[PDB]
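Protein chains in written order, with the authors' numbering: chain A, 43 to 619, 628 to 652; chain B, 43 to 619, 632 to 652.
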Ligand SMILES: [Ca+2]
Ligand SMILES: [Ca+2]
Ligand SMILES: [Cl-]
Ligand SMILES: [Cl-]
Ligand SMILES: [Cl-]
């Protein structure tokens with residue numbers, strides 16, 4: 043006898059919006075009913091703040107960044123290495139009936155027979171009699187797209203929840219629109235609970251409850267402004283409930299059997315989900331998985347509550363790029379902004395379809411926000427450190443305070459070690475990485491592990507007093523390796539005017555680098571620091587780029603310059619660059643259209 | 043000097059999908075630019091809810107139903123009477139250069155030299171120097187076929203418009219597929235605007251804008267489920283924008299000159315389009331036309347806004363028959379269902395290629411719909427009455443409420459007089475009508491005007507209490523005229539069990555009526571009300587039918603029994619009997647493929 047599994051997944055939502063975790067959240071009788079014989083997790087987190095990279099993590103039990111899958115949505119899907127597959131593939135091979143309804147959003151090439159059925163209406167019903175099953179289902183009721191309503195809805199559509207009772211995130215302006223948007227999101231939670239009840243009630247009528255582990259969770263944090271798309275805790279924290287079936291209690295430690303509703307405070311990550319299903323199904327862990335099962339025969343509640351670690355990743359989201367790593371350990375959250383000159387408010391078309399987003403930015407421009415509220419739109423610190431017990435909304439950066447020097451240094455080392463040993467493939471720009479790594483990222487990883495260690499050491503030079511690293515950094519700017527010149531230029535950008543001594547070197551890179559992104563970075567530096575007008579050269583370079591991703595990278599730089607210097611760009615693209631193939635081209639073209647329409651006007 | 047005309051026609055689309063009419067509609071900057079110096083009509087309607095009969099109407103300025111042209115697509119095209127022709131023909135004869143690109147879809151036989159040129163790429167560029175022109179062009183971007191995408195598109199192809207903000211029609215279930223489909227249709231509107239912009243910009247660059255009336259409109263309402271193919275307002279309402287040329291403002295009443303952007307609220311019908319062009323060209327109205335110009339020297343905006351009448355017609359769409367008439371007057375909409383035992387959801391192959399259609403039907407069968415949403419699939423009332431001001435989506439049938447008795451009675455009378463006086467030839471079944479009327483429908487009409495009054499009076503006996511009409515009805519059941527027996531049987535079918543006293547007469551019609559459709563009606567009645575198996579009998583009558591339309595009509599009865607009682611039919615056709635051939639064959643394959651299974 044093997045247990046069944048059900049994954050009930052709502053889109054984009056954090057735990058604060060649920061009454062189960064928050065006194066001013068939405069009542070959800072069906073999910074609250076699950077919790078009655080269930081484990082309720084107070085600290086479950088994805089490892090990235092958007093759908094495709096989070097879903098990818100869930101399936102694989104492994105970090106996307108080490109497999110060249112950190113790019114939403116992908117330009118190239120990546121072929122999986124031999125010793126790593128999806129949990130649906132593993133369960134299917136082991137004889138489970140596996141149904142998915144219907145979202146996938148994988149950044150890997152799908153394994154053959156990945157599911158018994160992945161489509162609208164796919165169901166455990168279609169299993170063979172007595173066959174154990176794994177059902178996954180997505181509800182889009184809470185998706186970001188549901189908060190793209192017109193501002194006039196404030197007066198035209200009433201919310202069930204009362205916006206006047208809303209207690210806003212500290213980084214948000216206290217406005218009617220924001221309190222309204224919040225209430226709309228509370229309303230969507232009431233709704234999705236109803237919809238999910240349909241499925242839970244079928245399992246009940248069919249008598250499957252006590253043979254089945256039922257998981258409910260959000261597919262990442264969100265979705266009010268400053269959450270989804272960022273590795274702040276807002277982007278990562280999700281509700282998580284596991285109703286523990288009576289007939290398979292014996293697979294778990296007595297502490298975890300959920301004979302009464304039980305709270306778990308240990309940090310659970312999305313990398314842990316697949317290893318957990320493997321263990322419960324009696325299957326061995328994948329030799330390339332990063333996560334660890336949180337449901338084991340020998341795992342006590344105390345054991346589980348000691349877990350306190352989560353690494354988070356953010357790179358590309360639609361047309362918009364930035365590079366941020368998050369590292370939470372115990373009560374501290376450490377943030378590394380590798381490209382601090384990119385504000386978090388750097389324009390993304392889809393984010394700003396939410397009217398609250400537009401209002402926030404408008405209020406920033408009008409100088410009506412306090413320092414905590416306006417930080418989202420400004421140049422970032424190279425490092426941020428937060429005490430989540432004292433400051434759960436990450437509003438007070440401790441990194442520059444002398445009494446936290448040791449804490450900063452240690453978490454700095456912890457993150458560098460993690461990213462170097464993984465190794466984090468995203469220190470190669472996507473426009474170089476994915477075309478090569480797509481055949482087998484493990485192969486790329488093995489070949490270039492030390493290169494990535496070098497890239498990380500180069501950029502982290504910007505964490506040192508300029509006088510101590512200037513000679514080292516100068517030599518890197520003159521390196522033969524183009525991606526080392528890239529990361530040295532990025533260090534130079536972090537230094538700002540402190541590195542102005544490098545001007546002739548920077549000017550030469552601007553004129554003559556064989557790499558177009560390296561030219562663009564130098565132009566960026568000179569535009570930001572020395573009054574150079576970048577429009578003409580960047581317009582040319584975008585036109586010169588011989589592949590979509592290189593152009594897109596340069597368009598992101600144009601966007602940063604547009605947002606900071608308030609200048610327009612006129613973009614034309616290089617003429618040089628099957629139903630499913632159509633879909634890919636449409637998505638890519640959308641990215642460029644989004645950039646072109648935006649950059650056109652100040 | 044005479045004005046030019048351009049007709050820019052998008053296919054299958056209603057007004058709610060344009061920003062111009064609806065806050066959640068698609069932006070269409072080129073169309074919207076016509077409005078800048080134009081008239082925007084808020085209540086333009088076709089007189090029928092599908093391409094060929096609506097196209098026919100546009101061209102003739104006259105009701106297809108009075109000309110045996112009410113069938114889509116036509117089995118038999120109808121020759122025009124001497125005093126009625128197309129606007130393209132009338133204009134050509136007056137010296138205009140007429141071009142059509144390129145969709146015709148006419149239910150009449152085309153006049154000789156109907157167009158100066160009618161083909162792909164035909165253009166006003168080929169006119170003689172100085173020659174006034176009429177250019178018609180059709181875009182298929184918004185055609186129904188574009189919504190026949192697979193349900194998997196929801197995951198694979200994201201829409202440009204946001205489907206989450208869509209405010210769905212009340213008869214629709216509020217599902218992801220329906221909102222996604224809606225968003226897809228919005229996308230096609232943004233696309234078709236770009237396409238029409240090409241022709242508008244040519245007219246601009248050539249300096250023809252101020253000598254040319256430019257009309258933009260849809261060729262009937264649609265095209266989400268419940269619209270195209272039905273005479274609810276969904277099937278009929280279309281956008282209509284007319285850019286008024288500076289140099290021919292003198293032809294118009296000051297109110298209509300669009301010196302400022304102007305909204306017109308009066309009801310404009312498709313029969314009105316041809317008379318409008320004749321007047322603007324300085325030509326007389328045809329003596330057989332039904333419409334009246336809405337652009338004129340002496341017509342003020344108030345006079346135009348007083349118009350509030352639309353008559354609408356539904357008979358055959360591909361393989362599916364049903365007979366419905368709509369009568370809109372002022373704030374009221376009246377619907378007469380002559381064959382109320384045919385649910386609107388009666389199967390049609392092309393309709394149900396739209397995924398949203400199949401989901402709707404599935405949710406109906408799963409009993410997951412409310413009563414507003416599920417009426418589409420149910421037996422119809424014989425009459426419906428809707429207050430379009432309080433209830434613009436026609437969801438609350440007022441017709442049985444006592445306080446609306448007089449309104450029902452008056453509009454019933456208004457409709458009856460209209461259909462008798464036209465006269466409406468479709469009270470003759472198509473299988474009999476078109477073979478005979480194809481030579482000249484006006485002569486058929488003259489010969490048989492009283493016969494049609496009688497048919498209308500026969501079927502309308504089903505509006506009375508049974509006891510009050512049973513004697514009269516029985517007599518018609520025993521009439522010597524086959525089509526009176528036909529309409530008497532349709533009356534009996536509407537009365538259902540209330541008429542069971544006629545059982546012997548009905549069983550006799552089943553055994554012995556010379557008319558095979560009459561037998562099939564009796565078999566239909568006996569199956570629905572007496573549990574008598576129709577399967578064998580209808581298989582044999584279809585096989586026995588000596589002409590395609592008779593077989594097709596009997597197959598429709600089989601479809602109604604299939605959908606209502608769950609009965610399968612194994613269909614064989616009579617051995618006795632190019633676009634035409636493919637189209638007819640298509641009808642029968644669709645019926646044969648569908649009936650075979652439950
Ligand atoms: Ca999501
Ligand atoms: Ca059409
Ligand atoms: Cl610790
Ligand atoms: Cl005669
Ligand atoms: Cl007569």
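Beta carbons are placed, not taken as given, at the ideal position from N, Cα and C, and that holds for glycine.
- Going by beta carbons, residue 603(A) and residue 618(A) fall outside the 9 Å limit.
- Proximity to residue 304(B) across 315(B), 285(B), 310(B) peaks at 285(B), based on C-alpha coordinates.
- Residue 515(B) and residue 533(B) do touch by the CB rule: their CB atoms are close to 6 Å apart, below 8 Å.
- Exclusion of the five residues before and after residue 411(A) leaves 215, 405 as the residues of its chain whose Cβ lies within less than 7 Å of its Cβ.
- Taking the Cα positions, residue 188(A) is about 56 Å away from residue 561(B).
- Taken atom to atom, the span from the alpha-carbon of residue 605(B) to that of residue 356(B) is near 20 Å.
- Note on the stretch 285-327 of chain B: whole alpha helix (DSSP H) runs with a minimum of 4 residues are 315-322, in chain order.
- Annotation: residue 69(B) has no Cβ neighbours in chain A at a cutoff of 8 Å; minimum Cβ distance is about 13 Å.
- Our two residues, residue 420(B) and residue 403(B), have alpha carbons roughly 11 Å apart in a direct line.
- One thing to note: residue 185(B) has its Cβ no nearer than 9 Å to the Cβ of residue 360(B).
- Between residue 413(A) and residue 183(A), the alpha-carbon positions lie close to 34 Å from each other.
- Comparing C-alpha distances from residue 614(A) to each of 79(A), 635(A), 588(A) shows the shortest one belongs to 588(A).
- Using a Cβ distance threshold of 9 Å, residue 177(B) and residue 160(B) do not count as a contacting pair.
- Taking each of 278(B), 324(B), 327(B) in turn and checking the Cα distance to residue 312(B), the smallest one comes out for 278(B).
- Note that the C-beta distance between residue 328(B) and residue 146(B) is not below 9 Å.
- In terms of Cβ geometry, residue 314(A) and residue 85(A) do not form a close pair [threshold 9 Å].
- By the rule that beta-carbons nearer than 9 Å mark a contact, residue 191(A) touches chain B.
- Comparing alpha-carbon positions, the option among 325(A), 247(A), 399(A), 80(A) lying closest to residue 191(A) turns out to be 399(A).
- By the CB criterion at 9 Å, residue 367(B) and residue 482(B) fall outside the cutoff.
- Within a 10 Å sphere around the beta-carbon of residue 342(B) sit fewer than 16 other beta-carbons, which makes this residue exposed.
- Applying a distance threshold of 5 Å between residue Cβ atoms and the heavy atoms of ligand 2 selects 53(B), 54(B), 93(B), 261(B), given in chain order.
- By the neighbour-count criterion, in which a residue is buried when 16 or more other Cβ atoms sit within 10 angstroms of its Cβ, residue 203(A) is buried.
- Relative to ligand 5, even the nearest heavy atom lies 8 Å or more away from the CB of residue 466(B).
- The C-alpha of residue 538(B) lies about 13 Å from the C-alpha of residue 503(B).
- Not a single CB atom of chain B sits nearer than 9 Å to the CB of residue 95(A).
- Taking 8 Å as the cut-off, the C-beta of residue 482(B) does not count as close to any heavy atom of ligand 5.
- Checking the 8 Å criterion, the Cβ of residue 395(A) is out of range of every heavy atom belonging to ligand 1.
- Secondary structure note for residue 221(B): its alpha helix (DSSP H) is the uninterrupted segment 218-247.
- Minimum Cα-Cα distance from residue 374(A) among the listed residues 453(A), 319(A), 595(A) corresponds to 453(A).
- The beta carbon of residue 186(A) sits closer than 8 Å to at least one heavy atom of ligand 1.
- Under the Cβ criterion of 9 Å, residue 146(A) is counted among the residues facing chain B.
- Taking 9 Å as the cut-off, the Cβ atoms of residue 46(B) and residue 254(B) count as close.
- Taken from the Cβ of residue 650(B), every heavy atom of ligand 1 lies 8 Å or farther away.
- For residue 370(B), the CB contacts under 6 Å within the same chain, skipping 5 residues up- and downstream, are 352 in chain order.
- For the stretch 165-196 of chain A, the set of positions with a beta-carbon nearer than 9 Å to some beta-carbon of chain B reads 182, 185, 187, 188, 189, 190, 191, 192, 194, 195 in chain order.
- For residue 127(A) against residue 142(A), the beta-carbon gap comes to about 15 Å, at or over 8 Å, which does not count as contact.
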